[PDB]
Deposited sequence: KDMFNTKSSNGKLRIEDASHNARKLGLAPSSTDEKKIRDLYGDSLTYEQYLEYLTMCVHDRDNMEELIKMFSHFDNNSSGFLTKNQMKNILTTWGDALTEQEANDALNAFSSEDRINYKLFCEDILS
């Protein structure tokens, strides 16, 4: 069975989001709020397919992703340290846990000094 009919009873937004990730999309709390604000806590099939379209984010690219990290790179050198990126990722936005942030940073590189453009390029795939 498909990802929607496995858990349907309507499907909980939170589970729709997980399915979106398995399909290679990247929903944020903004998309969850949008889909909630017009269809409630649970979506019909048709509502859920709108949500997936909502989660395509075809404006996602390296130069859009790096904006916040650039703010912290004063001399626009191109790098930030793991711990810098961890603090950023765990304080602002839809904050990750320390563990989640470190796991992403460790998977991408074994060095402390991280090219955040290449890190943003890599997490897009």
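- By the record, the deposited chain contains one unmodelled run at 10-11, with no C-alpha atoms placed there.
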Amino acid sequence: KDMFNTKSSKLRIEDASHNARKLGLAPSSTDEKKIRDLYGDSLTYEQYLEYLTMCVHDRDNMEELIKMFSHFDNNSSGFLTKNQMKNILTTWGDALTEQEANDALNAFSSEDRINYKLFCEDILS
From here on, numbers count along this sequence of modelled residues.
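- Mean C-alpha B-factor is higher over 69-77 than over the other stretch, the pair under comparison being 69-77 and 56-64.
- For the pair 34-42 and 85-93, the mean Cα B-factor is higher in 34-42.
- Residue 21: CA B factor in the middle third of modelled residues in this chain (values from the PDB entry).
- When all modelled residues of the chain are sorted by CA temperature factor, residue 104 is found within the middle third.
- Residue 120 sits in the lowest third of its chain by CA B factor, as recorded in the PDB entry.
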